[PDB]
Amino acid sequence: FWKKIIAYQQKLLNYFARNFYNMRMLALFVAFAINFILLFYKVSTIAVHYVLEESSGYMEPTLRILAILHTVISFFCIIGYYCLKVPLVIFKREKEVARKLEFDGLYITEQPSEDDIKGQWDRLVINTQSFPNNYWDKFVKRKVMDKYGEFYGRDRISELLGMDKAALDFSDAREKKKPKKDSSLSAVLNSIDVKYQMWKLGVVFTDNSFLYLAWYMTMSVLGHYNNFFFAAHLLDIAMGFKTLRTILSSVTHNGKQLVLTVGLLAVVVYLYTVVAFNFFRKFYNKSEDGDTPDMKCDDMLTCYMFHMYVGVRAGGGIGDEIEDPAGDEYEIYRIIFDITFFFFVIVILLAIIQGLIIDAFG
Amino acid sequence: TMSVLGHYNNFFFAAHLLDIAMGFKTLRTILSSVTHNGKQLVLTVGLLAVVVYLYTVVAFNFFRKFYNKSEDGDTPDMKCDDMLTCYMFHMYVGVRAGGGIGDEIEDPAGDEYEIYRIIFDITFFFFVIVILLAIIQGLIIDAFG
Amino acid sequence: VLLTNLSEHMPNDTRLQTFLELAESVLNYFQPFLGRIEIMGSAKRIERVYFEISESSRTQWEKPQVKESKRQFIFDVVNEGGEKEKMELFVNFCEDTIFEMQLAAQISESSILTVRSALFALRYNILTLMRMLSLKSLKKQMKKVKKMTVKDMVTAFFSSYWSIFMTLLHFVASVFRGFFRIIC
Amino acid sequence: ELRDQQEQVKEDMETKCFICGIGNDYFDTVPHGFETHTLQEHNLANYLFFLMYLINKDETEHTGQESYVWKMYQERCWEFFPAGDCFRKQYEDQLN
Amino acid sequence: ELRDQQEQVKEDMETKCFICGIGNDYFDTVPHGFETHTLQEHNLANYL
Ligand SMILES: Nc1ncnc2c1ncn2[C@@H]1O[C@H](COP(=O)(O)OP(=O)(O)OP(=O)(O)O)[C@@H](O)[C@H]1O
Ligand SMILES: Nc1ncnc2c1ncn2[C@@H]1O[C@H](COP(=O)(O)OP(=O)(O)OP(=O)(O)O)[C@@H](O)[C@H]1O
Ligand SMILES: [Zn+2]
Ligand SMILES: [Zn+2]
């Protein structure tokens, strides 16, 4: 009975695995079309509403159909990934754990480091009857028994790897066993390795690409509730185009250096805010009228936010946005303050960012 | 054909000054810096358009009240009440602005979304103005090298 | 040391090879403590020199700050140094490192929770998925799909992966809850 | 300049021996020959350990080679360091 | 370009003799052979 069901299921699996990439391209194209349509919302005002500029009148049904199609394509992409690339991940994990068992005795001698999620979770798969399911070497348990059975304990190794002690010997002595009907019930329940499937689900859940595709599906689902969530799918162009990846490699090559440069900029601006708060509070009035003073440096946090938000974005530094120092007894000190701010924060640190990007390219 | 059109309208002769690109070896060497990474430059422009579109989505969904570009309070000129209008405003103004869109949109002081809007403006300035333009500069310099 | 010298100066002697397998254990034990160098000997001829390296010496040399000093020294000699004074600089660096090592030897007097939370959430969510999948409801599914019903088979095929996706969403939510609990 | 200097330091270390200066092409005739030579024969860590051994060892207990190297170190004559030659190059025909 | 030209000038001087053009690898068979050859045998100052 089940032969035809298995054949059809395998046909569908192979179809999705074959068309995995094409469905990803179609999802990207549908997302672009949806966003092109989304460029036509307007706000109408009680609660406000988002209304399409239905010049033709077919934009709303087309958008609804495109949203449904995008969700379906995302689900099919998840299915195709599970059919195509999950087996490679399983093969890699099984190969790695088998080689660690055989050539390092991970669960025999030294144990996982107690902070390695991979090792802690892979402790589950060793007991399973289908441990090298995707890895070709089906003799890994026998090899580990031969290598470590002499000192570490044959029975203990058998318990560790989940293989019976004398089942083969007893069967050779006398088997006297009979088979069971396939169409009868429980023939599928007793033929599935629950522990191995648990380990497989765990590793695929920890897989990064599967998580990204799940996030894609979740955002597509949210796009029906609010249509602007489909804009998040345009971030897939970074992961979809080789040339765009090469361009973004300039930014991502020195990302740690860029983050540390941002931190250094924050620290130096904090020092400048300390100086301004201790000596130049009178110059931070950002009010046109003299009746109500808007002091931006009467509080340390307010002055720091003002500097970060305004002086960094200003072409000439904080001096472009603070009061004129002419005629004051601190005129020279304040001129030095502004000039040094412009030279360090604006001229040098931004130059450091530019040089990091160019050095990444080179 | 352009020379013939130049008799009908004399300003069509200005199009013949583009021949200096094809006439001078040194000018060709200089323009090779631009043309060496032209595909990368075009893709960088596309990425800039996409990220600015994302910023316009955020502004249209959360920061519509700050896009009044009218001096008088009687007639409001809302630049982000329409998605296309907000996208054009961002592309045309924020990219060309020295400090980003925050140079040209309303002051966030005193609002409940002040921190979110400060993050919005700072990230716009860092990504669109500081990084992507730096990507263009680096592409040109890498072509020279 | 005797055996290593004999082996390195008699490279094609099976009679000595047999002694090498006999002394494999002792040689393996002493391998960390045996140091080999080559010198221009008194006879205008290159000679091997074998000496003893202390365990404390090996540890102090493998200390990370000594490694940083070594990297700085290598950078300095390669970039801002010449072949004339290379060995002089090397000897000076060796002396400084030896003094630092000796001083360090004299003065040397003598995460998991979030991993556990993530593992526990994985266990709980996957166990729930297995419980909902493996049930006696197969008879009810058959009673629904007596005949071929390609539509029913495709529906079940899609429902399985939808259940997988929902299980992953539940696991992600549980991980977020656990992270919030541990940080608060 | 900093990146190029780091790359040059890496290359002149991956292609030459720090002590004798013989290139890796000569040593690579034997498989893993360059790394074997740089980690067992001409290890700068081993030279440092030898200097420390000589310094901490009593003068009267030195052997012939130890006394020779110790005198040369006392006079700061670094001719005992193999320069442009090694054990393999000295006994090339005997070994192979 | 200026930095690379300076580096190239340094390298082609540290690796070759200015007069005969024989590389330093040949002369380095004898210890300090290249510097001895360039400062005692083929010194451009000596030729001047
Ligand atoms: N005399 C030498 N001693 C040691 N290594 C040498 C020597 N000459 C050349 N080398 C080369 O140096 C390379 C690595 O040197 P080094 O130990 O400085 O690097 P590393 O990877 O930074 O080391 P560490 O493991 O201490 O961090 C070796 O692969 C070897 O080919
Ligand atoms: N014919 C040559 N004459 C002199 N040096 C040569 C010659 N050929 C190659 N060299 C190399 O030139 C190197 C140094 O040359 P040069 O005297 O120009 O350098 P310098 O350090 O700038 O000198 P100075 O001491 O006059 O400032 C030597 O180490 C040598 O290897
Ligand atoms: Zn060497
Ligand atoms: Zn010469």
# chains A, B, ... in the order shown; residues from 1 in each chain; ligands from 1
>>> select_by_dssp(residues="range 15-137 of chain C", states="helix (DSSP H, G or I)", output="PyMOL selection string")
chain C and resi 15-22+24-33+55-62+64-79+86-107+112-133
>>> residues_near_ligand(ligand="ligand 4", cutoff="9 Å", atoms="only C-alpha atoms and all ligand atoms", output="MDAnalysis selection string")
chainID E and resid 16:23 34 37:38 41:43
>>> write_last_selection(atoms="N, CA, C and O atoms", output="PDB file, in the first residue's frame")
ATOM      1  N   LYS E  16      70.281  42.754  -5.246  1.00  0.00           N
ATOM      2  CA  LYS E  16      71.186  42.668  -6.383  1.00  0.00           C
ATOM      3  C   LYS E  16      72.367  43.603  -6.179  1.00  0.00           C
ATOM      4  O   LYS E  16      72.296  44.574  -5.421  1.00  0.00           O
ATOM      5  N   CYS E  17      73.462  43.296  -6.868  1.00  0.00           N
ATOM      6  CA  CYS E  17      74.616  44.180  -6.885  1.00  0.00           C
ATOM      7  C   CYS E  17      74.425  45.266  -7.936  1.00  0.00           C
ATOM      8  O   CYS E  17      73.962  45.001  -9.048  1.00  0.00           O
ATOM      9  N   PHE E  18      74.784  46.496  -7.569  1.00  0.00           N
ATOM     10  CA  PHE E  18      74.573  47.631  -8.459  1.00  0.00           C
ATOM     11  C   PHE E  18      75.457  47.556  -9.698  1.00  0.00           C
ATOM     12  O   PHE E  18      75.094  48.094 -10.750  1.00  0.00           O
ATOM     13  N   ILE E  19      76.608  46.896  -9.600  1.00  0.00           N
ATOM     14  CA  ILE E  19      77.580  46.891 -10.688  1.00  0.00           C
ATOM     15  C   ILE E  19      77.370  45.682 -11.590  1.00  0.00           C
ATOM     16  O   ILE E  19      77.084  45.829 -12.783  1.00  0.00           O
ATOM     17  N   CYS E  20      77.508  44.479 -11.031  1.00  0.00           N
ATOM     18  CA  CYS E  20      77.457  43.265 -11.835  1.00  0.00           C
ATOM     19  C   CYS E  20      76.051  42.709 -12.003  1.00  0.00           C
ATOM     20  O   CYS E  20      75.796  42.000 -12.983  1.00  0.00           O
ATOM     21  N   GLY E  21      75.138  43.004 -11.084  1.00  0.00           N
ATOM     22  CA  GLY E  21      73.773  42.540 -11.210  1.00  0.00           C
ATOM     23  C   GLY E  21      73.519  41.129 -10.735  1.00  0.00           C
ATOM     24  O   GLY E  21      72.398  40.633 -10.895  1.00  0.00           O
ATOM     25  N   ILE E  22      74.518  40.461 -10.163  1.00  0.00           N
ATOM     26  CA  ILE E  22      74.322  39.118  -9.631  1.00  0.00           C
ATOM     27  C   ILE E  22      73.512  39.202  -8.345  1.00  0.00           C
ATOM     28  O   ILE E  22      73.770  40.053  -7.484  1.00  0.00           O
ATOM     29  N   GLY E  23      72.525  38.319  -8.212  1.00  0.00           N
ATOM     30  CA  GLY E  23      71.656  38.355  -7.057  1.00  0.00           C
ATOM     31  C   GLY E  23      72.367  37.966  -5.775  1.00  0.00           C
ATOM     32  O   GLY E  23      73.423  37.334  -5.774  1.00  0.00           O
ATOM     33  N   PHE E  34      77.155  38.596   0.487  1.00  0.00           N
ATOM     34  CA  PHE E  34      76.593  39.669  -0.328  1.00  0.00           C
ATOM     35  C   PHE E  34      77.098  41.032   0.127  1.00  0.00           C
ATOM     36  O   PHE E  34      77.521  41.854  -0.696  1.00  0.00           O
ATOM     37  N   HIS E  37      80.788  41.406  -0.716  1.00  0.00           N
ATOM     38  CA  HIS E  37      80.976  41.677  -2.137  1.00  0.00           C
ATOM     39  C   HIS E  37      80.599  43.110  -2.486  1.00  0.00           C
ATOM     40  O   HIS E  37      81.295  43.771  -3.265  1.00  0.00           O
ATOM     41  N   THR E  38      79.500  43.610  -1.920  1.00  0.00           N
ATOM     42  CA  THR E  38      79.029  44.944  -2.267  1.00  0.00           C
ATOM     43  C   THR E  38      79.809  46.055  -1.575  1.00  0.00           C
ATOM     44  O   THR E  38      79.734  47.206  -2.015  1.00  0.00           O
ATOM     45  N   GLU E  41      84.302  44.473  -2.873  1.00  0.00           N
ATOM     46  CA  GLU E  41      84.630  44.037  -4.225  1.00  0.00           C
ATOM     47  C   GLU E  41      84.004  44.912  -5.304  1.00  0.00           C
ATOM     48  O   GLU E  41      84.697  45.342  -6.229  1.00  0.00           O
ATOM     49  N   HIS E  42      82.704  45.189  -5.206  1.00  0.00           N
ATOM     50  CA  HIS E  42      82.018  45.951  -6.242  1.00  0.00           C
ATOM     51  C   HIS E  42      81.402  47.223  -5.676  1.00  0.00           C
ATOM     52  O   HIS E  42      80.243  47.539  -5.962  1.00  0.00           O
ATOM     53  N   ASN E  43      82.164  47.960  -4.873  1.00  0.00           N
ATOM     54  CA  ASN E  43      81.662  49.178  -4.253  1.00  0.00           C
ATOM     55  C   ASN E  43      81.636  50.305  -5.279  1.00  0.00           C
ATOM     56  O   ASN E  43      82.671  50.648  -5.864  1.00  0.00           O
TER      57      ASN E  43
END
>>> residues_near_ligand(ligand="ligand 3", cutoff="8 Å", atoms="only C-alpha atoms and all ligand atoms", output="mmCIF file with N, CA, C and O atoms, in the first residue's frame")
data_model
loop_
_atom_site.group_PDB
_atom_site.id
_atom_site.type_symbol
_atom_site.label_atom_id
_atom_site.label_comp_id
_atom_site.auth_asym_id
_atom_site.auth_seq_id
_atom_site.Cartn_x
_atom_site.Cartn_y
_atom_site.Cartn_z
ATOM 1 N N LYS D 16 61.439 31.691 4.291
ATOM 2 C CA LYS D 16 62.837 31.577 4.677
ATOM 3 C C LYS D 16 62.939 31.134 6.129
ATOM 4 O O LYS D 16 62.013 31.311 6.923
ATOM 5 N N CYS D 17 64.087 30.550 6.465
ATOM 6 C CA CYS D 17 64.382 30.210 7.848
ATOM 7 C C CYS D 17 64.944 31.423 8.575
ATOM 8 O O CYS D 17 65.774 32.161 8.037
ATOM 9 N N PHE D 18 64.479 31.628 9.808
ATOM 10 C CA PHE D 18 64.881 32.802 10.572
ATOM 11 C C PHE D 18 66.356 32.758 10.950
ATOM 12 O O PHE D 18 66.980 33.809 11.131
ATOM 13 N N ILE D 19 66.930 31.563 11.071
ATOM 14 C CA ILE D 19 68.295 31.420 11.565
ATOM 15 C C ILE D 19 69.285 31.388 10.408
ATOM 16 O O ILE D 19 70.160 32.254 10.304
ATOM 17 N N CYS D 20 69.156 30.393 9.530
ATOM 18 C CA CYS D 20 70.129 30.199 8.463
ATOM 19 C C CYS D 20 69.806 30.977 7.197
ATOM 20 O O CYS D 20 70.720 31.273 6.421
ATOM 21 N N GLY D 21 68.540 31.313 6.966
ATOM 22 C CA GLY D 21 68.174 32.090 5.800
ATOM 23 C C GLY D 21 68.000 31.304 4.523
ATOM 24 O O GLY D 21 67.777 31.910 3.469
ATOM 25 N N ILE D 22 68.099 29.977 4.574
ATOM 26 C CA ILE D 22 67.884 29.157 3.389
ATOM 27 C C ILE D 22 66.398 29.130 3.062
ATOM 28 O O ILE D 22 65.552 28.965 3.950
ATOM 29 N N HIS D 37 62.379 21.413 9.408
ATOM 30 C CA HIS D 37 63.625 22.123 9.665
ATOM 31 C C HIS D 37 63.412 23.301 10.607
ATOM 32 O O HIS D 37 64.226 23.540 11.506
ATOM 33 N N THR D 38 62.324 24.048 10.419
ATOM 34 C CA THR D 38 62.092 25.238 11.227
ATOM 35 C C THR D 38 61.556 24.924 12.617
ATOM 36 O O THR D 38 61.623 25.790 13.497
ATOM 37 N N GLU D 41 65.012 21.609 13.816
ATOM 38 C CA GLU D 41 66.434 21.822 13.576
ATOM 39 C C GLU D 41 66.884 23.246 13.882
ATOM 40 O O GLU D 41 67.881 23.441 14.582
ATOM 41 N N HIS D 42 66.171 24.249 13.372
ATOM 42 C CA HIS D 42 66.585 25.635 13.554
ATOM 43 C C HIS D 42 65.515 26.442 14.274
ATOM 44 O O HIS D 42 65.186 27.557 13.856
ATOM 45 N N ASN D 43 64.967 25.893 15.354
ATOM 46 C CA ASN D 43 63.911 26.568 16.098
ATOM 47 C C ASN D 43 64.513 27.676 16.955
ATOM 48 O O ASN D 43 65.384 27.419 17.796
ATOM 49 N N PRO D 82 74.443 29.063 12.469
ATOM 50 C CA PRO D 82 74.524 28.636 11.064
ATOM 51 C C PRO D 82 73.949 29.701 10.144
ATOM 52 O O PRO D 82 72.784 30.085 10.259
ATOM 53 N N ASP D 85 73.899 27.802 5.769
ATOM 54 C CA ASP D 85 74.200 26.380 5.740
ATOM 55 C C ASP D 85 73.423 25.690 6.850
ATOM 56 O O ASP D 85 73.007 26.319 7.827
ATOM 57 N N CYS D 86 73.230 24.383 6.690
ATOM 58 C CA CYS D 86 72.481 23.592 7.654
ATOM 59 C C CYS D 86 73.013 22.165 7.640
ATOM 60 O O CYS D 86 73.897 21.815 6.854
#
>>> residues_around(residues="residue 54 in chain D", least_positions_apart="2", cutoff="12 Å", atoms="only C-alpha atoms", output="short mmCIF file (atom, residue, chain, number, x, y, z; two decimals) with C-alpha atoms, in the first residue's frame")
data_model
loop_
_atom_site.label_atom_id
_atom_site.label_comp_id
_atom_site.auth_asym_id
_atom_site.auth_seq_id
_atom_site.Cartn_x
_atom_site.Cartn_y
_atom_site.Cartn_z
CA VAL C 49 73.59 20.04 19.95
CA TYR C 50 71.12 18.32 22.29
CA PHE C 51 70.15 19.81 25.65
CA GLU C 52 67.44 19.81 28.31
CA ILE C 53 64.42 22.14 28.36
CA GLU C 95 68.26 37.61 27.07
CA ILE C 98 64.90 34.78 29.59
CA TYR D 47 68.10 28.56 20.53
CA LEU D 48 66.63 30.67 23.34
CA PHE D 49 66.30 27.56 25.49
CA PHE D 50 69.93 26.66 24.74
CA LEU D 51 71.12 30.13 25.76
CA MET D 52 69.14 29.85 29.00
CA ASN D 56 71.93 28.54 34.21
CA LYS D 57 74.49 25.73 33.89
CA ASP D 58 77.73 25.89 35.84
CA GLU D 59 80.81 26.90 33.86
CA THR D 60 82.84 23.86 34.93
CA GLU D 61 80.12 21.41 33.83
CA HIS D 62 80.07 22.58 30.21
CA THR D 63 80.90 20.08 27.48
CA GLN D 65 80.38 22.36 22.34
CA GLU D 66 78.83 24.11 25.34
CA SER D 67 82.17 25.67 26.30
CA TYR D 68 82.82 26.78 22.71
CA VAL D 69 79.39 28.40 22.34
CA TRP D 70 79.65 29.92 25.83
CA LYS D 71 83.01 31.54 25.07
CA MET D 72 81.69 32.88 21.77
CA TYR D 73 78.62 34.28 23.55
CA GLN D 74 80.83 35.84 26.23
#
>>> residues_near_ligand(ligand="ligand 1", cutoff="10 Å", atoms="only C-alpha atoms and all ligand atoms", output="number ranges by chain")
C: 61-64, 66-68, 70-75; D: 9-24, 32-47
>>> write_last_selection(atoms="N, CA and C atoms", output="CSV table (one decimal), in the first residue's frame")
chain,number,residue,atom,x,y,z
C,61,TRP,N,57.6,30.2,28.3
C,61,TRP,CA,57.8,30.5,26.9
C,61,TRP,C,56.4,30.5,26.2
C,62,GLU,N,55.5,29.6,26.5
C,62,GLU,CA,54.2,29.5,25.9
C,62,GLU,C,53.2,30.5,26.6
C,63,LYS,N,53.6,31.2,27.6
C,63,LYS,CA,52.7,32.3,28.1
C,63,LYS,C,52.4,33.3,27.0
C,64,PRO,N,51.1,33.8,27.0
C,64,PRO,CA,50.7,34.6,25.8
C,64,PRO,C,51.5,35.9,25.7
C,66,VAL,N,54.6,36.4,26.4
C,66,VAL,CA,55.9,36.1,25.8
C,66,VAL,C,55.7,35.9,24.3
C,67,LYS,N,54.5,35.3,23.9
C,67,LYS,CA,54.2,35.2,22.5
C,67,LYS,C,54.0,36.5,21.8
C,68,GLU,N,53.4,37.5,22.5
C,68,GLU,CA,53.2,38.8,21.9
C,68,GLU,C,54.6,39.5,21.8
C,70,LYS,N,57.4,38.0,21.3
C,70,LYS,CA,58.1,37.3,20.2
C,70,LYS,C,57.6,37.9,18.8
C,71,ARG,N,56.2,38.0,18.7
C,71,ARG,CA,55.7,38.6,17.5
C,71,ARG,C,56.2,40.0,17.2
C,72,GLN,N,56.2,40.8,18.3
C,72,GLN,CA,56.8,42.2,18.1
C,72,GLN,C,58.2,42.2,17.7
C,73,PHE,N,59.0,41.3,18.3
C,73,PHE,CA,60.4,41.2,17.9
C,73,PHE,C,60.6,40.7,16.5
C,74,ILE,N,59.8,39.8,16.0
C,74,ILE,CA,59.9,39.3,14.7
C,74,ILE,C,59.5,40.4,13.7
C,75,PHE,N,58.4,41.1,14.0
C,75,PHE,CA,58.0,42.3,13.2
C,75,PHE,C,59.2,43.3,13.1
D,9,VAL,N,56.2,40.7,6.6
D,9,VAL,CA,56.7,39.9,7.7
D,9,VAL,C,56.2,38.4,7.6
D,10,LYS,N,55.0,38.2,7.3
D,10,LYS,CA,54.4,36.9,7.1
D,10,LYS,C,55.2,36.1,6.0
D,11,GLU,N,55.4,36.7,4.9
D,11,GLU,CA,56.0,36.1,3.7
D,11,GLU,C,57.4,35.7,4.0
D,12,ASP,N,58.2,36.7,4.6
D,12,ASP,CA,59.6,36.5,5.0
D,12,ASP,C,59.6,35.9,6.4
D,13,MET,N,59.4,34.6,6.5
D,13,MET,CA,59.1,33.7,7.6
D,13,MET,C,58.4,32.5,7.1
D,14,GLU,N,57.4,32.7,6.2
D,14,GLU,CA,56.9,31.5,5.5
D,14,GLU,C,57.7,31.0,4.3
D,15,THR,N,58.7,31.8,3.9
D,15,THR,CA,59.5,31.4,2.8
D,15,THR,C,61.0,31.2,3.1
D,16,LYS,N,61.4,31.7,4.3
D,16,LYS,CA,62.8,31.6,4.7
D,16,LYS,C,62.9,31.1,6.1
D,17,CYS,N,64.1,30.6,6.5
D,17,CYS,CA,64.4,30.2,7.8
D,17,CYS,C,64.9,31.4,8.6
D,18,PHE,N,64.5,31.6,9.8
D,18,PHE,CA,64.9,32.8,10.6
D,18,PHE,C,66.4,32.8,11.0
D,19,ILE,N,66.9,31.6,11.1
D,19,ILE,CA,68.3,31.4,11.6
D,19,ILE,C,69.3,31.4,10.4
D,20,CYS,N,69.2,30.4,9.5
D,20,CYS,CA,70.1,30.2,8.5
D,20,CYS,C,69.8,31.0,7.2
D,21,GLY,N,68.5,31.3,7.0
D,21,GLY,CA,68.2,32.1,5.8
D,21,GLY,C,68.0,31.3,4.5
D,22,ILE,N,68.1,30.0,4.6
D,22,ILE,CA,67.9,29.2,3.4
D,22,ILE,C,66.4,29.1,3.1
D,23,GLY,N,66.1,29.3,1.8
D,23,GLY,CA,64.7,29.4,1.4
D,23,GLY,C,64.0,28.0,1.5
D,24,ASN,N,62.6,28.1,1.6
D,24,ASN,CA,61.8,26.9,1.7
D,24,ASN,C,61.9,26.0,0.5
D,32,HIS,N,57.2,18.1,3.8
D,32,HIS,CA,57.2,18.8,5.1
D,32,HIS,C,58.6,19.2,5.6
D,33,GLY,N,59.5,19.3,4.7
D,33,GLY,CA,60.9,19.5,5.0
D,33,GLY,C,61.1,20.9,5.6
D,34,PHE,N,60.5,21.9,5.1
D,34,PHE,CA,60.7,23.3,5.6
D,34,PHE,C,60.1,23.4,7.0
D,35,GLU,N,58.9,22.9,7.3
D,35,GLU,CA,58.4,23.0,8.7
D,35,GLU,C,59.2,22.1,9.6
D,36,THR,N,59.6,20.9,9.2
D,36,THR,CA,60.4,20.1,10.0
D,36,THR,C,61.7,20.8,10.4
D,37,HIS,N,62.4,21.4,9.4
D,37,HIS,CA,63.6,22.1,9.7
D,37,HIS,C,63.4,23.3,10.6
D,38,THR,N,62.3,24.0,10.4
D,38,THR,CA,62.1,25.2,11.2
D,38,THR,C,61.6,24.9,12.6
D,39,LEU,N,61.0,23.7,12.8
D,39,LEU,CA,60.5,23.4,14.1
D,39,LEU,C,61.3,22.3,14.9
D,40,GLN,N,62.3,21.7,14.3
D,40,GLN,CA,63.1,20.7,15.0
D,40,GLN,C,64.6,21.0,14.9
D,41,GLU,N,65.0,21.6,13.8
D,41,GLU,CA,66.4,21.8,13.6
D,41,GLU,C,66.9,23.2,13.9
D,42,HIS,N,66.2,24.2,13.4
D,42,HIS,CA,66.6,25.6,13.6
D,42,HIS,C,65.5,26.4,14.3
D,43,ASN,N,65.0,25.9,15.4
D,43,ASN,CA,63.9,26.6,16.1
D,43,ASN,C,64.5,27.7,17.0
D,44,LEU,N,64.1,28.9,16.7
D,44,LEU,CA,64.5,30.0,17.5
D,44,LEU,C,64.2,29.9,19.0
D,45,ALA,N,63.0,29.2,19.3
D,45,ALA,CA,62.7,28.9,20.7
D,45,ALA,C,63.8,27.9,21.2
D,46,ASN,N,64.2,27.0,20.4
D,46,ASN,CA,65.2,26.1,20.9
D,46,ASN,C,66.5,26.8,21.1
D,47,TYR,N,66.9,27.8,20.3
D,47,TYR,CA,68.1,28.6,20.5
D,47,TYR,C,68.0,29.4,21.8
>>> closest_atom_pairs(of="chain C", to="ligand 2", cutoff="9 Å", atoms="only C-alpha atoms and all ligand atoms", output="tab-separated table")
residue	atom	partner	partner_atom_place_in_ligand_line	distance
C:82	CA	ligand 2	29 (O)	8.4
C:83	CA	ligand 2	29 (O)	8.8
C:84	CA	ligand 2	29 (O)	8.9
>>> write_last_selection(atoms="N, CA and C atoms", output="short mmCIF file (atom, residue, chain, number, x, y, z; two decimals), in the first residue's frame")
data_model
loop_
_atom_site.label_atom_id
_atom_site.label_comp_id
_atom_site.auth_asym_id
_atom_site.auth_seq_id
_atom_site.Cartn_x
_atom_site.Cartn_y
_atom_site.Cartn_z
N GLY C 82 68.34 44.81 9.67
CA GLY C 82 69.17 44.29 8.61
C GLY C 82 69.81 42.97 8.99
N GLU C 83 70.50 42.38 8.01
CA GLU C 83 71.15 41.09 8.23
C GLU C 83 72.43 41.22 9.04
N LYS C 84 73.00 42.42 9.13
CA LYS C 84 74.25 42.59 9.86
C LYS C 84 74.06 42.37 11.36
#
>>> closest_residue(among="B:109, B:43, B:143, B:91", to="chain A", atoms="only C-alpha atoms")
B:43
>>> closest_residue(among="A:285, A:257, A:45, A:113", to="chain B", atoms="only C-alpha atoms")
A:45
>>> closest_atom_pairs(of="chain D", to="chain A", cutoff="12 Å", atoms="only C-alpha atoms", output="tab-separated table")
residue	atom	partner	partner_atom	distance
D:1	CA	A:359	CA	10.3
D:2	CA	A:359	CA	10.5
D:3	CA	A:359	CA	8.6
D:4	CA	A:359	CA	10.7
>>> atom_distance(atom1="CA of residue 170 in chain C", atom2="CA of residue 140 in chain C")
26.6 Å
>>> interface_residues(of="chain A", to="chain B", cutoff="8 Å", atoms="only C-alpha atoms", output="JSON, numbers by chain")
{"A": [38, 39, 40, 41, 42, 43, 228, 231, 232, 234, 243, 244, 247, 250, 251, 309, 313, 314, 315, 350, 353, 354, 357, 358, 361, 362]}
>>> closest_atom_pairs(of="chain C", to="chain A", cutoff="7 Å", atoms="only C-alpha atoms", output="tab-separated table")
residue	atom	partner	partner_atom	distance
C:111	CA	A:115	CA	6.7
C:112	CA	A:115	CA	5.3
C:115	CA	A:117	CA	6.3
C:122	CA	A:202	CA	6.4
C:126	CA	A:198	CA	6.2
C:134	CA	A:189	CA	7.0
C:161	CA	A:79	CA	6.8
C:165	CA	A:214	CA	7.0
C:168	CA	A:205	CA	6.4
>>> interface_residues(of="chain E", to="chain D", cutoff="9 Å", atoms="only C-alpha atoms", output="VMD selection string")
chain E and resid 3 28 to 32
>>> atom_distance(atom1="CA of residue 2 in chain A", atom2="CA of residue 148 in chain C")
10.8 Å
>>> residues_around(residues="residue 340 in chain A", least_positions_apart="2", cutoff="12 Å", atoms="only C-alpha atoms", output="ChimeraX atom specification")
/A:268-269,272,316-319,333-338,342-348
